[PDB]
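In: Need the 3D shape of this:
(chains A, B and C)
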Amino acid sequence: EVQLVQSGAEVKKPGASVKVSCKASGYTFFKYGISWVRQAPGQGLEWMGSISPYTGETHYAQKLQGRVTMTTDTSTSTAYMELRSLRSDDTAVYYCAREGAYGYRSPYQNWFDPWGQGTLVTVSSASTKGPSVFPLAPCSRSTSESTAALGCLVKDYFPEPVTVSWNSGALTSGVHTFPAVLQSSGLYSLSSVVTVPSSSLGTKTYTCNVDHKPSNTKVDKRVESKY
Amino acid sequence: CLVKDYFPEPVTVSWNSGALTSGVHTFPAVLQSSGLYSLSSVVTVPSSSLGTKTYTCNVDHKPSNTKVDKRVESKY
Amino acid sequence: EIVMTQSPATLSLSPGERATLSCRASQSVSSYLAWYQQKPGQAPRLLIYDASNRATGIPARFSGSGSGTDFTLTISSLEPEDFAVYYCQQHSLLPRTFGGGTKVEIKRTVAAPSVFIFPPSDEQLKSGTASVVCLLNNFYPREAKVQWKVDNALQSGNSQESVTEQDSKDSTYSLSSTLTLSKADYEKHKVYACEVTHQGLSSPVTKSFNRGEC
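Out: Numbering: from 1, shown residues only, chains lettered A, B, ... in the order given. Here you go:
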């Protein structure tokens, strides 16, 4: 269909650009002006530039004029957008989409419907590291409580994400994956997955299987009581 | 047990009303310079295959007519 | 740079009747803006393309009005798969401002967090750090507090919180403030209490332990 293949999720420390192939498909080019829009996670969206496909009219947005360069590749209808002197503000999922060209022969669109799927770019100076999981998965008998919960402490990993499963994904009840809240310390985001077992489960160990594939690290854990 | 801060002599201590006599080593009334309240202790040596057993030093200090029974368990 | 102000900041509605939404413009856009369906962790999807007219496979219930300052988005027949952050966005003025964000939640009732503080591991004491994790779990809404107490000392800044999404199953939430300390400041104290104040809680629930207890 009228589709966009974005490629690909990539981070840079403060360095050079993350020029994204925005591969168009299904619809004809040189009639449909393609934009770019950034959105930081948990934030609103920011349109940041839109070329006309042929006779490339740049229309870069405010605060980056400048740092952005957008190019066209109408041999095979991909488009591109760079950034210059990258910076920690550029922790945003970059979406390309199509305004529609505001020429004379181009058909009427205003509404961005090829939609691109998104591209993870966080600008980041951290190094690729596995998590340092500091769990507690006790035998639900801390002091006296019946449905005593447990959870691991997925700490100090980079980049995203970790993949955590309780006992190779056996314990799915009570699973509440805390998102990657990002450390201001070393840009090593923090997550945790917890479950709520009962006190009549004390002869059961629970292994969060924390598997951080961008560092190719795999973590299995358990914690018991203290006599 | 830790027989602490009594006066006068003596305390009379028995494990589980004198049931546990093995390992009994009554430490004498070493006298505090603090308040002249002498200190004693009676200990026993049980084995780890006795964990489902409470042991009560029955500390009975008759010149004050006081009787003390005790036990302590683990910490989860 | 026409500011687009969405009049519902968020919304919570147990699935039912008309859940109409609103966005206002700083100028007269005059029916030249669109509605969007940024689902969580997903690419946004076009709902309405020009203030109405129900873009290209939208099912049955997503009309809207406007023309030309304050625009509406009618979620008439709620259909709880549609719980997503929604967006007005002007187009016919540059630069092309988006809206604010229209996180549509579910309104079950206000529930109490099952609060569970967790000591740092001794493996973390082998790392020379300490992070105390205080749960909140299975509650509603997100409006909560965590007041860390370090031998009853109201502390913050050493604590990063973590908000689950609203569950599809029980519509709940789960929090964890993570009181990340040094090992040295950890060794200075024992009573590590976590004063949690939530609406489902009748009291500010202070979940505590001692350093070396559990």
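In: Leaving out the residues flanking it, which one is nearest to the residue nearest the centre of chain A?
Out: For chain A, the residue sitting closest to the mean C-alpha position, by C-alpha atoms, centre = their mean, is residue A:120 at 4.3 Å. Counting by C-beta to C-beta, 6 or more residues apart in numbering or on different chains, residue A:120 lies nearest to residue A:9, which is 3.8 Å off, once chain neighbours are set aside. Every C-beta, even on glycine, is put in place using the N, C-alpha and C of the backbone.
In: Next to chain B, which bits of chain C? Give me the list.
Out: C:213-214 (C-beta under 8 Å from any C-beta of the partner chain).
In: let's see it at 10 Å
Out: Residues of chain C found near chain B (C-beta under 10 Å from any C-beta of the partner chain) are C:212-214.
In: Separate out the buried members of those residues.
Out: Buried members of these, scored by 16 or more other C-beta atoms under 10 Å in any protein chain shown, are residue C:214.
In: what's the closest of the residues of chain C next to chain B to residue C:40?
Out: For residue C:40, the nearest member of those is residue C:214. The distance, counting by C-beta to C-beta, is 34.6 Å.
In: quick one: contacts for the closest one?
Out: Taking C-beta atoms under 10 Å, 6 or more residues apart in numbering or on different chains, we find residue C:214 in contact with A:136, A:138, A:141-143, A:223, A:225-226, B:75-76, C:117-119.
In: Which single one of the residues of chain C next to chain B is nearest to residue C:206?
Out: Sorting the residues of chain C next to chain B by distance to residue C:206 puts residue C:213 at the head of the list, at 15.2 Å, by C-beta to C-beta.
In: Tell me the secondary structure of the closest one, please.
Out: Assigned state for residue C:213: coil (three-state reduction, DSSP: H, G, I helix; E, B strand; the rest coil).
In: Thought residue A:142 was touching it, still the case?
Out: Yes. With contacts defined as C-beta atoms under 10 Å, residue C:213 counts as touching residue A:142 at a distance of 8.6 Å.
In: Now list whatever residues contact both of these two.
Out: Common contacts of residue C:213 and residue A:142, defined by C-beta under 10 Å, 6+ apart, comprise A:226, B:76, C:119.
In: got the residues you listed as a markdown table, with distance to residue C:203 and secondary structure columns?
Out: Supplementary listing: these in a markdown table, determined by distance: C-beta to C-beta, whole Å; DSSP: H, G, I helix; E, B strand; the rest coil:
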| residue | distance to residue C:203 | secondary structure |
| --- | --- | --- |
| A:226 | 29 | coil |
| B:76 | 26 | coil |
| C:119 | 23 | coil |
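In: Which residues are in contact with the residue lying closest to residue A:47 once chain neighbours are set aside?
Out: Using C-beta to C-beta, 6+ apart and skipping residues adjacent in sequence, the residue nearest residue A:47 is residue C:96, 4.0 Å away. Residues touching residue C:96, when contacts are defined by C-beta under 10 Å, 6+ apart, comprise A:35, A:37, A:45-50, A:59, A:61, A:99, A:110, A:112, C:1-2, C:33, C:89-90.
In: Pull out the buried residues from these.
Out: Burial by neighbour count, judged by 16+ other C-beta under 10 Å, picks out A:35, A:37, A:45-50, A:59, A:61, A:99, A:110, A:112, C:2, C:33, C:89-90 from these.
In: quick one: contacts for the residue lying closest to residue C:21 once chain neighbours are set aside?
Out: Taking C-beta to C-beta, 6+ apart, and ignoring the residues beside it in sequence, residue C:21 has residue C:73 as its nearest neighbour in space, at 4.1 Å. Taking C-beta under 10 Å, 6+ apart as the contact definition, residue C:73 lies against C:6, C:8, C:19-23, C:35-36, C:47-48, C:51, C:62-66, C:86-88, C:99, C:102.
In: now do residue C:24
Out: Neighbour list for residue C:24: C:3-7, C:66, C:69-71, C:88, C:99 [criterion: C-beta under 10 Å, 6+ apart].
In: Buried subset of those residues as a ChimeraX selection?
Out: One line in ChimeraX is enough to select the buried ones among the contacts of residue C:24; burial here means 16+ other C-beta under 10 Å:
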select /C:4,6,66,71,88,99
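In: Of the contacts of residue C:24, which belong to strands?
Out: When these are checked against strands (DSSP state E), the matches are C:4-6, C:70-71, C:88.
In: out of those residues, who's nearest residue C:177?
Out: Distances from the ones in strands among the contacts of residue C:24 to residue C:177 were compared by C-beta to C-beta; the smallest belongs to residue C:6, at 29.2 Å.
In: Hmm, the closest one is touching residue C:97, no?
Out: No. Under the criterion of C-beta under 10 Å, residue C:6 lies out of contact with residue C:97, with a separation of 11.6 Å.
In: hey, what's in contact with both of those two?
Out: By the contact definition C-beta under 10 Å, 6+ apart, residue C:6 and residue C:97 are jointly contacted by A:44, C:88.
In: List the contacts of residue A:108.
Out: If a contact means C-beta under 10 Å, 6+ apart, then residue A:108 has A:100, A:102, C:50 as its contacts.
In: Confirm that residue C:81 sits in a strand.
Out: No. Under three-state DSSP, residue C:81 sits outside any strand and is assigned helix.
In: Which residues are in contact with it?
Out: C:15, C:39, C:59, C:168.
In: Could you work out the most separated pair of those?
Out: Greatest spatial distance among the contacts of residue C:81 (C-beta to C-beta): C:59 and C:168, at 19.3 Å.
In: Distance of residue C:40 relative to chain B?
Out: 40 Å (C-beta to the nearest C-beta, to the nearest Å).
In: How about that residue: what's its closest non-neighbour residue?
Out: For residue C:40, the closest residue by C-beta to C-beta, 6+ apart turns out to be residue C:165, at 6.0 Å.
In: Test my guess that that neighbour contacts residue C:84.
Out: No. With contact defined as C-beta under 10 Å, residue C:165 does not count as touching residue C:84 (11.3 Å).
In: thinking again about what came up before, out of the contacts of residue C:81, who's nearest chain B?
Out: Out of the contacts of residue C:81, the one with the shortest distance to chain B is residue C:168. That distance is 36.3 Å, counting by C-beta to the nearest C-beta.
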